[PDB]
Structure formats: C-alpha cells, structure tokens
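Enquirer: Input: one structure, supplied below.
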RNA sequence: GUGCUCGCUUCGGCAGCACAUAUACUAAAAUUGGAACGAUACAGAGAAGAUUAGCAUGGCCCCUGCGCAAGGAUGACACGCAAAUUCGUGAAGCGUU
RNA sequence: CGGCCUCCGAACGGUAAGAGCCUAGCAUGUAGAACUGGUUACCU
Ligand SMILES: O=P(O)(O)O[C@H]1[C@@H](OP(=O)(O)O)[C@@H](OP(=O)(O)O)[C@@H](OP(=O)(O)O)[C@@H](OP(=O)(O)O)[C@H]1OP(=O)(O)O
Ligand SMILES: [Mg+2]
Ligand SMILES: [Mg+2]
Ligand SMILES: [Mg+2]
Ligand SMILES: [Mg+2]
Ligand SMILES: [Mg+2]
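Protein chains in written order, with PDB author numbering: chain O, 15 to 304; chain W, 117 to 223; chain A, 502 to 723; chain E, 58 to 356; chain R, 196 to 244; chain P, 25 to 58.
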C-alpha cells in the first residue's frame with residue numbers, strides 16, 4: 015500500500031480557484047499499472063466540473079515522472095511517449111504479469127531509499143529539455159479537460175433530468191477518430207497512443223531551419239534584423255558558439271550574413287536560433303546564404 | 117502544514133466560486149498587497165461583494181411556482197416547488213438525433 | 502439473503518438454501534463438488550441460529566395474522582425454547598450447547614411439576630416461557646463474539662484470499678519424527694561437513710549423510 | 058532554547074507576562090485562560106474559566122494582582138490572579154467587547170473598546186459605567202494616556218482618536234494610516250505609542266502636552282494582511298528599544314526603535330502570529346499564534 | 196491552500212482487494228568484500244586423507 | 025498490505041508485565057549485593 | 001420563505017433589518033473485459049516383483065476449514081549428457097632449427 | 001426419621017486427479033481527445 019501527503023498533479027487538472035477542498039481515502043483503489051492498492055484523493059476541479067481522482071500510485075508516478083491523474087509530463091506536459099522521444103529515453107519497464115510485479119516490487123524498495131524530491135533514474139539523467147519539447151509544450155491551461163462526459167440519454171434524447179443531465183448534452187464524437195480510444199495502460203506505457211503520433215507529426219511539420227547542400231556555403235543569412243542590432247551584437251549571438259569568420263550587417267535590407275569558422279558551430283547556432291534568436295525582440299530568420 | 121481559520125476559507129472560496137474573483141491567498145515572503153485574483157475587473161466593478169455578504173443585486177431571479185397549502189391532495193409543492201421558467205422535457209432534436217444514431221452506428 | 506449471497510459468491514450454483522434455512526443440493530454432486538461445497542461450523546452455526554429466530558418470529562406472525570390465539574402463541578413459544586434440540590439441530594456444530602439444553606430440561610421439570618399441582622393436567626397448555634428464553638439469551642451473549650470472529654475470518658478469506666506464504670505451522674504429533682530427522686540432519690550438515698572440512702573440492706556432505714543413515718540402520722540391526 | 062508551549066485547543070489570540078515576569082497568561086478561541094510558569098520548563102499550573110465567548114484580549118494590572126480579560130460575549134471580566142476567580146463581570150456592553158485596558162497608577166479605572174460603536178469607561182467598584190464616547194463605529198483597540206486623563210482608540214475609520222476624560226470631546230485625532238488600525242501600545246515612556254494596521258505599515262506617535270500638531274514619527278515596513286483579517290497587535294520593549302510585531306505571514310518581526318532596520322523576521326510558526334510578548338526583565342519573547350500553540354524565543 | 200478531509204469508512208464493508216500474491220524475493224544488498232587472510236595450501240597427501 | 029484475518033491465539037492475553045518486586049530480586053538489590 | 005420596521009404606508013406593492021449558507025464515487029446508463037471444476041472429449045494414480053499405510057522437505061501451485069488443528073491420490077508438481085574453475089606422462093612415426 | 005438415580009452428536013479420513021474446450025456470470029463503469037500558410041542583389 016502507498017501513503018501520501020497530497021496528490022502530485024498538473025496545474026491544469028488541479029483547478030482554477032486558489033482555494034480547493036479535497037478528500038482522501040486510505041487504501042481506496044488499485045493502481046491501474048502498479049496493480050497494488052493506493053490512497054485516492056478526490057477534488058472538485060471547478061464550478062460545474064467533474065470531480066477528478068488520482069488514478070495511479072505515487073511510485074508509479076515518481077518512476078515515470080507524470081501527474082497522477084492528468085498523466086502528462088510534469089515540466090513540459092506532453093504525452094509520455096513524446097517526452098520520452100524528446101529526451102531520447104528508452105524506458106525498460108516490464109510488461110508480462112510476473113516480471114512486472116517483480117520489477118514493481120524492487121523499484122518500490124529502491125525508491126523507498128529516496129528523498130521524495132525528484133524522479134528516480136534516467137528521469138534525472140534526461141532533464142536536458144530539447145527545443146522540440148519546449149516547442150510542443152502547452153502554454154495556458156487547457157481546462158476543457160474537466161468538463162463532464164457525453165449524456166447517452168441526451169445523445170438519444172432521453173436526458174429528462176432537465177438541465178442536470180450528468181453529462182455534456184452535446185454531439186457524440188465520431189468513434190473513427192484516432193483521438194477517441196486511448197486505453198490507460200498504453201498511455202502509461204507509451205505504446206501506440208494516437209495523441210502521441212498526431213503531436214509527433216505536428217512537431218515534424220513545425221518550422222525548423224533547413225540545411226544547405228554544399229559544404230562551402232558557410233555564409234548564414236539571418237532575415238529580419240532591424241537597426242537596433244550591432245555587428246558586435248550579432249557577434250555575441252554567434253561568437254562563443256564556435257568561431258565566426260565575418261559578419262555583414264546589411265542595413266539596406268535589415269538582414270545579416272555570418273561567415274563562420276566551423277560548419278557544425280554555425281549549424282548548431284542557426285538551427286538552435288531558428289526564428290527563436292530573440293535578441294532585442296527581433297524575429298531573425300536563420301538560413302544558409304547563397 | 118498550515119493552520120488557518122474556518123469561516124474565512126469558506127468565505128473566500130465561495131466568493132471565488134459564485135463571483136469569480138477572490139482575495140489571493142499567496143502568503144509571500146515578499147510583501148504583496150491585497151489583490152483580487154481571477155476576474156479582477158469583476159471584483160473592481162462589483163465592489164468586492166461576497167456571496168455571503170448581503171449586497172444590492174437587482175438581478176432577475178428565475179420565476180418559480182408556489183403551492184404551499186398542504187390540504188390539497190395533489191396540491192402541495194411546498195419545498196419541492198418546481199421553477200416556473202423550467203422546461204417540461206429534455207431531448208436532442210432531429211439533426212443531432214440522426215447524427216447521434218450515425219455515430220452510435222460508427223461505433 | 503446474506504447466506505444465499507455467500508453460497509452463490511463461492512460459485513456454488515448446485516446448492517440452495519430454502520426458506521427455513523435448510524441447505525439442499527439440486528443435483529447429485531461428483532466428488533469435486535462434494536468437496537468444493539463443504540462448509541464449516543461458522544456457516545452452520547449462523548444457519549442454525551437464524552433458524553431458531555425464524556421459528557420464533559413466525560410463531561409471532563401466526564399470532565398477528567389471526568391464525569392462532571394468545572394462549573396458543575404463548576405455549577408454542579414455551580415449546581420452542583424447551584425443544585431447541587429437536588427443532589434446530591444446533592448441537593451438531595457447537596456441542597457445548599448441551600449445557601443450555603440440559604438446563605432447559607431441568608427448568609421444564611420444575612415448572613411443569615409445579616404448574617400441574619392440582620386438577621391441571623399433563624396436556625399441552627403450559628406456556629410460561631420466561632425461563633427458557635432467559636437461558637437462550639445468555640447463550641447468545643456468549644456466542645456473539647465467537648461468531649463475529651469466525652465470520653470475520655471467513656469473509657476476509659473469501660475477499661482477500663487465503664495466505665499460503667508464511668504459514669509457519671507448528672510441530673504437533675504427526676510431525677514429531679519427521680521433524681526430528683529434519684533437524685538432526687540439518688545439524689549434521691552444519692556440523693562438520695562445513696566446519697571441519699578441508700576436503701575442499703566438494704566436501705561430499707551429501708554422501709556423509711548417507712553414511713549417517715546407514716550407521717543408524719546398522720545400530721538398529723545390531 | 059526555542060521552548061514551544063502547547064495545550065491550547067484552538068487559536069491563542071493573546072499572550073502576556075506577569076508584570077513581575079513570574080507567570081504567563083495566554084488565551085484565545087478555547088474560551089478559557091491558561092497560565093504557566095515562565096522559568097524552569099515553562100510549565101502550566103492554573104487555568105481560569107468562565108468566559109463564554111472567545112478571550113479576545115487579556116490585560117494585567119500594573120502590579121499583577123488582578124486580571125482583566127475582554128471576551129466576545131459582550132463582557133469584560135476582572136479576576137483575581139490570587140485565586141483565578143471572578144470578582145467582576147463588566148456587562149452592559151452592547152456588542153463584542155474586543156479590547157480592555159486597566160488604568161495604570163491612577164484610580165482603578167478601565168477603558169474597553171467594543172464592536173458596538175462606543176468606548177466605555179468603567180469603575181470596578183460601582184458596577185456602573187463612567188463615561189462612553191460614541192464616535193460612530195467599532196473601536197478595535199484602546200489604551201489610556203499615562204495621566205489617566207486622555208483615552209486613545211483605533212478602529213475602522215483609520216483616524217486614531219483620543220478623548221479628554223474631563224471635557225469628553227474628541228481631543229486628538231491623528232491621520233495617515235491607509236487602512237484599519239489593529240493595535241495600539243504606548244511605550245513605558247508614557248509618551249510613545251505604537252500602531253499596527255493591516256495596510257502593511259506600522260507607525261509611531263507621541264501624546265504630549267505639546268506635539269508638532271502632526272506627530273507621525275517613525276514608520277516601518279513588513280506586516281501583512283490577507284483573507285483572514287485577524288487582529289494584529291504590537292508592543293514596545295521594556296526599554297523602548299525594539300518593536301515586536303506579528304502578522305499572517307508566520308514571521309515574527311523584530312525591529313528597533315533606533316535604526317528602524319529589520320532586526321528579525323524569524324520563522325518557526327505554522328499559523329498567523331497574533332501577539333508577541335516581551336519579558337519585563339529579560340530578553341525573552343513569547344509568540345502567540347493561530348497554530349494553537351506558543352513559542353518562547355530567547356534573544 | 197487545500198482542505199484535507201478523510202472520507203468515512205463504511206462499517207459493514209468487507210475487505211476490497213486480494214492480498215495473497217506471490218513473487219520471488221528481490222535482489223539482496225551489494226555484496227560486501229570478503230576480507231579474509233590469505234589461503235594456505237593443502238598437500239596431495241591431505242586431500243588423500 | 026495488512027490482512028483482516030485473525031487468530032484464536034492472538035486475542036489479548038497476559039496484558040500486564042509483572043515486574044520483579046522489592047523482595048523477589050530487584051535490580052537494585054542485585055546492584056548492591058556482595 | 002418567515003417576522004419586524006411606529007418604513008413608505010395602503011392594507012396593493014416596494015424596501016430595510018434580522019433569520020436561514022454549498023448535496024453529490026453526479027448516471028435510469030453506456031461501455032469494457034474474466035472466470036462455471038459445467039458440458040465436451042482426452043486424460044489416468046509415489047517407493048520396491050506384486051498389492052498397499054503414510055509423515056515430511058522445495059515453491060511465480062492451490063482448494064475445503066474459524067484455524068498456528070485436520071483434510072485434499074502420502075493434495076498436486078518435483079529426474080534421460082543430474083559433469084564446475086584445470087593437467088601431464090611413456091613410446092613411435094613424420095616434417096623442422 | 002429418613003432422602004443419594006452417570007451418559008445422549010456431527011464433520012473429515014472413498015466416491016480419483018488432471019491439461020484443453022466454450023459460453024453466461026462476474027467484474028469495469030474510468031483516464032484521455034487535436035489547433036494556422038516569411039524570401040536576392042553591385043565593379044572585369
Ligand atoms: O419432549 P421432552 O423435551 O422430553 O418434553 C416432554 C413433554 O414436555 P412438553 O409439554 O413441552 O412437550 C411432556 O410433557 P407432559 O407430557 O408432562 O405434558 C413429558 O413430560 P412429562 O413426563 O411430565 O409427561 C415428557 O416426559 P416423559 O417422556 O417422561 O413423559 C417430556 O418431558 P421429559 O423431558 O419429561 O421427557
Ligand atoms: Mg509399487
Ligand atoms: Mg496433509
Ligand atoms: Mg489412501
Ligand atoms: Mg504432499
Ligand atoms: Mg487418503
């Protein structure tokens with residue numbers, strides 16, 4: 015059995031009011047992954063929002079570093095597969111019954127020897143947040159998660175409970191959509207979760223700077239410079255990132271053309287700066303010159 | 117492990133619930149001032165009125181019935197008096213109905 | 502309802518408990534079911550106590566329906582309490598009951614042989630049911646903590662499951678010899694074959710134990 | 058040592074010393090008054106009883122012979138520290154009497170601030186009222202002036218008021234605090250008076266025969282208020298050297314009269330600190346907080 | 196700031212979960228170093244003995 | 025993972041510890057003795 | 001909604017005051033998955049020539065029992081190289097420095 | 001003036017043990033559900 019002090023949850027899922035009232039139940043339910051009994055905490059998210067419940071053990075949380083009910087990552091907040099890929103992690107948690115119960119037992123025994131402060135294992139050795147992860151991250155609280163379900167009655171017409179229909183009396187979503195059927199077990203293990211694939215395709219279609227053909231094209235064109243930048247400022251953007259060989263600050267077009275001394279240095283600089291080199295608030299467009 | 121007073125927490129919570137703004141609870145080591153968090157402009161325009169504090173509201177209350185003479189055999193609505201501006205049936209209609217049939221078939 | 506929910510939760514569909522709390526099979530059961538469907542003294546003590554109370558409350562229902570009489574109710578209750586032995590069959594499961602049973606006989610010989618001191622006859626109409634009632638109430642005072650323990654154990658075992666991991670069963674009377682030999686040859690294996698070795702390679706302790714058993718048979722054969 | 062005291066069931070609102078520096082009195086929501094011995098193990102001997110409402114302010118006499126204690130249930134009470142027993146139940150207050158003050162070194166006389174809209178003057182012997190200055194509204198703290206001839210009070214309208222006991226008019230009104238004043242305490246100078254107010258600022262004033270007509274002297278930053286609006290109280294040191302304040306921030310604030318610097322924001326508490334008590338002899342500090350216990354800090 | 200309240204336990208409620216699960220025992224602790232004195236030799240004759 | 029099973033032999037019994045009294049042999053006397 | 005304003009103030013309303021202060025695993029569902037020792041059929045019982053009593057040990061095997069008692073075929077299961085760190089003589093023949 | 005009047009009934013150990021097989025039950029009643037479209041110019 016687990017025993018906790020509070021949930022460990024996403025701010026989205028925790029609610030809007032600063033003042034929340036929440037109930038605990040000791041040994042209340044069984045972790046859908048750890049398979050063992052847990053303490054279950056239940057809170058009312060907001061006005062006219064479903065009561066939510068912590069749905070995974072505190073150890074099953076600390077292991078993969080997620081929110082015990084929202085299930086999304088704690089820092090960035092993407093599906094577990096996406097975060098794993100962006101951290102280039104390879105999580106080896108067993109699948110079959112006996113092996114998984116055994117692994118859970120020993121992982122719990124070893125997490126007993128912790129400080130309760132940070133995830134155990136590679137989730138400390140993989141906290142180097144890649145710009146892909148930061149780029150996919152949610153920005154404001156998608157609080158549409160906490161509205162109630164779809165009223166089978168009010169979908170057939172029957173929700174004769176007036177306005178109190180226990181579920182959102184709107185149109186039912188077409189079951190063909192990939193974003194419909196995502197079993198909890200897979201969403202925790204990260205094996206074929208449709209939201210992960212859609213978000214990954216979105217991250218693949220997202221703009222990133224393109225590389226040139228020729229090795230000798232070592233002039234990099236930064237578009238959208240503005241006349242509040244200095245040649246020394248463009249340097250400080252591309253100075254310690256390697257070596258720069260020359261800098262042409264074109265004031266007749268508000269752009270720049272940086273000749274470097276190391277191809278990998280300039281490549282890392284410009285790709286890492288792609289539309290996001292925000293110096294004095296200017297959206298520069300890093301590309302390889304002609 | 118805080119220990120706070122009881123009438124006050126429920127006062128602030130109900131405030132934030134029914135009015136949408138509340139005296140923010142951050143007890144910061146940098147001395148912040150009393151700032152109404154949430155619907156700040158609502159707190160400004162409503163003068164900070166709490167759901168518990170009596171205040172002037174000309175808001176139209178929904179129309180209800182009142183049959184409180186308990187001698188009529190099928191008369192007494194008493195405390196169970198329905199709201200008069202209420203519907204008499206709850207259902208989805210022709211377009212959403214066929215669409216939901218199509219979805220239940222698609223599933 | 503509780504006893505039927507128990508029966509049907511264990512998945513014993515071939516049995517049913519009828520309305521006077523008799524348990525009856527509705528098939529002829531093979532061995533596997535004659536075994537799977539044996540019940541304990543908790544189940545049966547609860548069955549028989551409920552049967553006594555149903556007898557009592559149903560005598561009262563007969564009174565209230567108009568079927569009998571005040572006098573027939575009183576004497577029928579006296580009957581019930583005097584003859585718990587021949588109506589329930591409780592003694593089968595907690596045989597200490599005969600304390601109570603013999604007591605309710607002794608009382609009845611008193612009361613009867615003072616009830617019918619004159620023209621009053623040896624017939625049925627004697628219901629002065631205070632004494633036997635008292636007796637079975639004290640019995641129940643005693644039995645409720647016992648049965649609450651036994652039923653708590655049964656329900657736990659039915660909902661959690663029986664613990665076959667660290668049972669650690671005592672050494673009783675059928676395991677005295679087998680245990681003596683367990684511990685004797687554990688001792689011998691500790692003793693030299695690991696603490697006076699230097700037959701380094703493989704100290705052959707599995708063969709010194711063979712010598713030990715044969716020395717014993719040779720002792721016995723002189 | 059830290060010496061945390063416990064044994065109170067609800068918030069403790071008021072804690073103060075024997076003017077001997079011998080015994081400790083604390084009180085709050087639990088409707089009774091606990092006493093302790095300051096030295097040794099800081100142990101508890103006596104418990105006074107009777108007050109039906111919350112004990113909102115306890116106040117000693119200047120010898121330590123009888124105890125004054127303002128209760129929520131419309132009443133003040135004077136008791137015998139000799140016995141702990143009631144001598145007088147000052148009734149007649151038409152609402153919540155929050156603040157009480159016994160006249161020091163004058164005739165035995167009491168000023169009580171209440172939530173009725175009046176300040177009340179009472180004599181202990183007559184079982185009757187002396188004077189009452191109904192300004193308009195609730196008065197939240199009240200203290201005499203060392204002549205026992207002016208009476209100072211602080212409430213919701215932010216203008217600290219002082220009445221002359223003989224002309225019975227608003228003698229001295231002072232202004233400059235942005236929100237409600239919650240605490241007054243006149244130093245043992247008989248001159249300098251300390252004012253806490255939940256607008257996050259503390260002020261110092263001086264009642265004299267002649268003052269600059271605008272006697273807002275020293276100003277310190279740091280105190281807090283929040284959704285609690287608990288009553289916040291201040292004190293001078295025995296020497297007029299350090300000002301101690303509490304706040305709803307769990308930090309005991311110790312400042313100095315001289316340089317107005319932050320000598321301390323001490324943590325250690327769990328709930329809002331409502332009252333800090335200075336030892337009349339020692340560098341001993343006692344914190345009464347809403348975490349249902351007390352602290353005994355040594356500085 | 197949140198208000199913890201513990202939910203009532205129903206008196207008449209049997210246990211909820213199956214306790215008896217068996218698994219092999221975990222790995223022990225990191226083996227400690229064997230601090231012996233150096234081994235001596237057994238002649239052929241002793242092993243004969 | 026605490027069971028609600030129970031045993032006839034785990035009922036409370038002998039719930040007070042006898043201590044060795046003043047004359048029997050208390051650790052004070054044996055501390056003294058020669 | 002209740003009462004009182006020495007409220008308008010008629011006995012229509014309005015107002016003010018007081019009093020009263022936050023239920024709920026929201027579902028009649030809709031889902032989703034596994035067992036019945038039941039058939040079905042196969043299957044088919046330790047030791048040693050034969051016939052048979054048992055008590056144990058081991059553990060990702062259970063079942064009946066309140067059970068730390070007892071029972072379940074001695075409850076079942078438990079055997080084809082159950083080979084592990086590691087060699088050297090004696091002679092001969094052939095080719096080599 | 002004598003009195004002396006035990007007990008009492010049920011279970012287990014005989015009706016093999018097993019793999020498949022397939023369908024009720026019986027359990028679940030959840031968690032989650034989505035977001036756009038930037039480009040070249042001077043001297044031989
Ligand atoms: O059946 P039992 O438990 O033994 O009780 C009966 C009975 O009592 P109920 O009236 O409650 O049935 C008889 O009572 P009567 O025939 O007197 O009305 C009778 O007792 P008597 O001896 O006095 O007749 C008889 O006894 P027996 O078979 O010896 O006649 C016997 O009571 P016992 O316990 O006396 O046998
Ligand atoms: Mg044989
Ligand atoms: Mg056995
Ligand atoms: Mg046999
Ligand atoms: Mg066996
Ligand atoms: Mg047998």
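Idealized CB from N, CA, C, for every residue including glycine.
I'd like to know whether the C-beta of residue 195/W is nearer than 7 Å to at least one C-beta of chain R.
Expert: On the second chain, residue 195/W is found 79 positions in, with the first residue counted as 1. Judged by the 7 Å Cβ criterion, residue 195/W is not in contact with chain R.
Enquirer: Quick one: complete alpha helix (DSSP H) runs, 4+ long, within the segment 184 to 216 of chain O?
Expert: The segment 184 to 216 of chain O contains these whole alpha helix (DSSP H) runs: 198 to 203.
Enquirer: Considering only C-alpha positions, which residue in the set 228/R, 244/R, 210/R is nearest to residue 654/A?
Expert: Here residue 654/A is taken as the residue at index 153 of the third chain, counted from 1. The candidate whose alpha carbon is nearest that of residue 654/A is 210/R.
Enquirer: Could you compute how far the alpha carbon of residue 209/O sits from the alpha carbon of residue 42/O?
Expert: Locating residue 209/O in the first chain gives position 195, counting from the first residue. Locating residue 42/O in the first chain gives position 28, counting from the first residue. In a straight line, the C-alpha of residue 209/O is about 30 Å away from that of residue 42/O.
Enquirer: Okay, do the segment 128 to 136 of chain E and the segment 93 to 113 of chain E touch, 3+ Cβ pairs below 8 Å being the bar?
Expert: In short, these stretches touch, since the Cβ pair count reaches three.
Enquirer: Given a threshold of 16 other Cβ atoms within 10 Å of its Cβ, counted over all protein chains shown, does residue 310/E qualify as buried or as exposed?
Expert: Locating residue 310/E in the fourth chain gives position 253, counting from the first residue. Burial call: buried.
Enquirer: The segment 207 to 229 of chain R: which residues have C-beta closer than 7 Å to a C-beta of chain O, in chain order?
Expert: Of all residues in the segment 207 to 229 of chain R, 212, 216, 218, 219, 221, 222 have a Cβ within less than 7 Å of some Cβ in chain O.
Enquirer: For residue 120/O, which residues in chain R fall below 9 Å Cβ to Cβ?
Expert: Reading the first chain from its first residue, position 106 is the one you call residue 120/O. Those are 221, 222, listed as they occur along chain R.
Enquirer: Could you tell me which of 266/E, 148/E, 124/E sits nearest to residue 141/E, measuring between CA atoms?
Expert: On the fourth chain, residue 141/E is found 84 positions in, with the first residue counted as 1. The shortest Cα separation from residue 141/E among 266/E, 148/E, 124/E belongs to 124/E.
Enquirer: Please state whether DSSP places residue 207/E in a helix, a strand or coil.
Expert: The residue given as residue 207/E occupies position 150 in the fourth chain. Residue state, collapsed to three classes: strand.
Enquirer: Just to check, is the beta-carbon of residue 575/A closer than 6 Å to a non-hydrogen atom of ligand 1?
Expert: The residue labelled residue 575/A in the question sits at position 74 within the third chain. No, ligand 1 has no heavy atom inside 6 Å of this Cβ.
Enquirer: Excluding the 5 residues flanking residue 672/A on each side, which residues of the same chain have their C-beta closer than 8 Å to its C-beta?
Expert: Here the question's residue 672/A lines up with position 171 in the third chain. Excluding residues within five positions, the ones whose Cβ falls inside 8 Å are 680.
Enquirer: From the beta carbon of residue 200/R, is the nearest beta carbon of chain W less than 7 Å away?
Expert: In the fifth chain, counting from the first residue as 1, residue 200/R sits at position 5. No, no contact with chain W.
Enquirer: Give me the subset of the segment 246 to 269 of chain E whose CB atoms are less than 8 Å from a CB atom of chain W, sorted by chain position.
Expert: Those residues of the segment 246 to 269 of chain E that come within reach of chain W (Cβ to Cβ, closer than 8 Å) are 257.
Enquirer: Relative to chain O, which residues along the segment 191 to 217 of chain W have a C-beta separation below 7 Å, given in chain order?
Expert: So the close ones are 202, 203, 205, 206, 207, 208, 212, 213, 215, 216.
Enquirer: Measuring straight from C-alpha to C-alpha, what distance separates residue 239/E and residue 184/O?
Expert: Sequence index remark: in the fourth chain, residue 239/E carries index 182 (1-based). Sequence index remark: in the first chain, residue 184/O carries index 170 (1-based). Using only the alpha carbons, I get a separation of about 54 Å.
Enquirer: Going along the chain, which residues of its own chain have a beta-carbon closer than 7 Å to the beta-carbon of residue 139/W, five neighbours each way excluded?
Expert: Locating residue 139/W in the second chain gives position 23, where the first residue counts as 1. Excluding residues within five positions, the ones whose Cβ falls inside 7 Å are 128, 150, 152.
Enquirer: Does any heavy atom of ligand 1 sit closer than 6 Å to the C-beta of residue 613/A?
Expert: Counted from its first residue, the third chain places residue 613/A at position 112. Yes, since a heavy atom of ligand 1 falls inside the 6 Å radius drawn around the Cβ of residue 613/A.
Enquirer: Using only the alpha-carbon positions, how far apart do residue 201/R and residue 639/A sit?
Expert: Taking the first residue of the fifth chain as position 1, residue 201/R is located at position 6. Taking the first residue of the third chain as position 1, residue 639/A is located at position 138. The straight-line gap from Cα to Cα measures roughly 40 Å.
Enquirer: Which residues in chain R sit within 7 Å of residue 27/P, going by Cβ to Cβ distance?
Expert: The residue labelled residue 27/P in the question sits at position 3 within the sixth chain. What residue 27/P touches in chain R: 214.
Enquirer: Restricting to runs no shorter than 4 residues, where is the alpha helix (DSSP H) found entirely within the segment 228 to 255 of chain O?
Expert: Here the runs fully enclosed are 245 to 251.
Enquirer: I need the straight-line Cα distance from residue 168/W to residue 162/W, nearest angstrom please.
Expert: Residue numbering aside, residue 168/W sits at position 52 when the second chain is read from its first letter. Residue numbering aside, residue 162/W sits at position 46 when the second chain is read from its first letter. Taking the straight line from one Cα to the other gives about 14 Å.
Enquirer: Thinking C-beta only, is residue 236/E closer than 7 Å to residue 222/E?
Expert: If you number the fourth chain from 1, residue 222/E lands on position 165. If you number the fourth chain from 1, residue 236/E lands on position 179. In this structure, residue 236/E does not lie closer than 7 Å to residue 222/E by Cβ.
Enquirer: Measure the alpha-carbon distance for residue 63/E versus residue 303/E and round it to whole angstroms.
Expert: Numbered from its first residue, the fourth chain carries residue 63/E at position 6. Numbered from its first residue, the fourth chain carries residue 303/E at position 246. In a straight line, the C-alpha of residue 63/E is about 19 Å away from that of residue 303/E.
Enquirer: Using a Cβ-Cβ cut-off of 8 Å (strictly less than) and excluding sequence neighbours within five positions of residue 542/A, which residues of its own chain qualify?
Expert: Residue numbering aside, residue 542/A sits at position 41 when the third chain is read from its first letter. Closer than 8 Å at the Cβ level, and outside the excluded window around residue 542/A, lie 594, 595, 651.
Enquirer: With burial defined as no fewer than 16 other Cβ atoms inside 10 Å of the residue's Cβ, what is the status of residue 69/O: buried or exposed?
Expert: Locating residue 69/O in the first chain gives position 55, counting from the first residue. With 16 or more other Cβ atoms within 10 Å, it is buried.
Enquirer: Around the Cβ of residue 133/O, are there at least 16 other Cβ atoms within 10 angstroms (buried) or fewer (exposed)?
Expert: As a working mapping, residue 133/O is identified with position 119 in the first chain. The residue in question, residue 133/O, is buried, as its Cβ has 16 or more Cβ neighbours within 10 Å.
Enquirer: Is it buried or exposed for residue 158/E, if we count other Cβ within 10 angstroms and need 16 for buried?
Expert: Counting from 1 along the fourth chain, the entry for residue 158/E is found at position 101. Looking at its Cβ environment, which holds 16 or more other Cβ atoms inside 10 Å, residue 158/E is buried.
Enquirer: Within a Cβ cutoff of 7 Å, which residues of the same chain sit near residue 275/E, ignoring the five residues on either side of it in sequence?
Expert: The residue labelled residue 275/E in the question sits at position 218 within the fourth chain. The residues are 261, 317.
Enquirer: Determine, using beta-carbon pairs with one atom in the segment 209 to 218 of chain E and one in the segment 239 to 253 of chain E, whether at least three such pairs fall under 8 Å.
Expert: With a cut-off of 8 Å, the segment 239 to 253 of chain E and the segment 209 to 218 of chain E count as touching, because enough Cβ pairs lie within range.
Enquirer: What do you reckon, is the C-beta of residue 583/A under 6 Å from a heavy atom of ligand 1?
Expert: In the third chain, counting from the first residue as 1, residue 583/A sits at position 82. Yes, since a heavy atom of ligand 1 falls inside the 6 Å radius drawn around the Cβ of residue 583/A.
Enquirer: Inspect the CB distances between the segment 144 to 153 of chain O and the segment 94 to 105 of chain O and report whether three or more fall short of 8 Å.
Expert: Counting Cβ pairs under 8 Å, three or more are found: they touch.
Enquirer: Express the C-alpha separation of residue 35/P and residue 692/A in angstroms, rounding to a whole number.
Expert: For the purposes of this step, residue 692/A is taken as residue 191 along the third chain, with counting starting at 1. For the purposes of this step, residue 35/P is taken as residue 11 along the sixth chain, with counting starting at 1. Distance between the alpha carbons of residue 692/A and residue 35/P is about 40 Å.
Enquirer: Which value, in whole angstroms, describes the spacing of the CA atoms of residue 642/A and residue 599/A?
Expert: Within the third chain, the letter at position 141 stands for residue 642/A. Within the third chain, the letter at position 98 stands for residue 599/A. About 16 Å.
Enquirer: Whose Cβ in chain W lies nearer than 9 Å to the Cβ of residue 57/O?
Expert: Residue mapping note: residue 57/O aligns to position 43 of the first chain, counting from 1. The contacting residues do not exist; residue 57/O stays about 12 Å from chain W at best.
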